[PDB]
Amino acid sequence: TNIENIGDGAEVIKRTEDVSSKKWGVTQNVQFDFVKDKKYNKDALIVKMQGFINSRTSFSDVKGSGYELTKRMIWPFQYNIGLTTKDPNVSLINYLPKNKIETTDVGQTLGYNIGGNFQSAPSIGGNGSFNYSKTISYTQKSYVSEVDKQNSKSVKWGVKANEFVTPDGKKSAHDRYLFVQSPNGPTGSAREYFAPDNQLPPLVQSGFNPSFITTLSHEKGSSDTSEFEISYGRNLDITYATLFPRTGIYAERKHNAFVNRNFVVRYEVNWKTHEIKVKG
């Protein structure tokens, strides 16, 4: 369907899949670009992972005797994005970002040149030397991106809470008082015990729009299909705030309160027909 001639007898066949889960609050909008180059002994599939992962930030009362003045805020300490395969006929040959990146904006490029030559740059706009290129772009204010796992069969990134701008200066993501505030009075409302939306950055208030790449490599002549899974999700922390009329607001953190709240989708690539299917 979408075929681009990239020079020197090579082409890129472009496929997409959009898979969402209202249960997990995730949309996977994935691009799968097959590199078809007679001068490269392997097939290659550039997978660009975009979409949305809801923050799932929420605020609630804590029920039970003794918890009448205790409220909770559930919020994402880390966003999880990963692609894994167990198929012996496929391996991961590059990934972007390749290293830890702490800047608010992340913008990088993967280039391809005929003959099986990949190159990555941690910037967008550098040189018109590639036969084909694909970029990633995302914003992660107050968060940092780390490569949690990387090997020939899997890659996992974590976009993790780091440092926040707060009325009392910068606060570490591990500060138990992060997002905690005194409510106006004793008149309920769990929401009032925590920083208002205007103090919460987009990754806390709304969610994250991922933009990550990995390239799958397949020996030409090995089996026609491979399966792999893409996982998008979050790890949530809980901050509890308890109002003590005489000693003020007391805060506690349950770190890694809900881990790997992820939506996993299994895809099948057919290297012979240059097609992608969702298995479930």
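For every residue, the number given is its place in the sequence shown, counted from 1. Think of the rigid core as the biggest set of C-alphas that the two forms share within 1.5 Å after superposition.
Fitting each structure in 4 other deposited structures of this protein onto the rigid core and averaging C-alpha distances over structures and residues, 122 to 130 emerges as the more displaced of 67 to 75 and 122 to 130.
A fit on the rigid core, followed by a root mean square over CA positions in 4 other deposited structures of this protein, ranks 76 to 84 against 187 to 195 and picks 187 to 195 as the more shifted one. Set 259 to 267 against 5 to 13 and average the Cα temperature factors; 5 to 13 ends up higher. As the entry records it, the average C-alpha temperature factor is higher for 184 to 192, out of 184 to 192 and 84 to 92. Across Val35, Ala241, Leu236, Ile53, the entry's maximum B-factor at the CA atom is seen for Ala241. Comparing the listed residues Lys39, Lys48, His218, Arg246, the entry records the largest Cα B-factor for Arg246. Ranked against the other modelled residues of its chain, the C-alpha B-factor of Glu229 as given in the entry falls in the lowest third. Compared with the other modelled residues of the chain, the Cα B-factor recorded for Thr214 ranks in the lowest third. Annotation for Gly125: C-alpha temperature factor in the highest third relative to the rest of the modelled chain, per the entry. For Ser60, the recorded CA B-factor ranks within the highest third of the chain. Only modelled residues enter the ranking. Looking at the C-alpha B-factors along this chain, the one for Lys141 belongs to the middle third.
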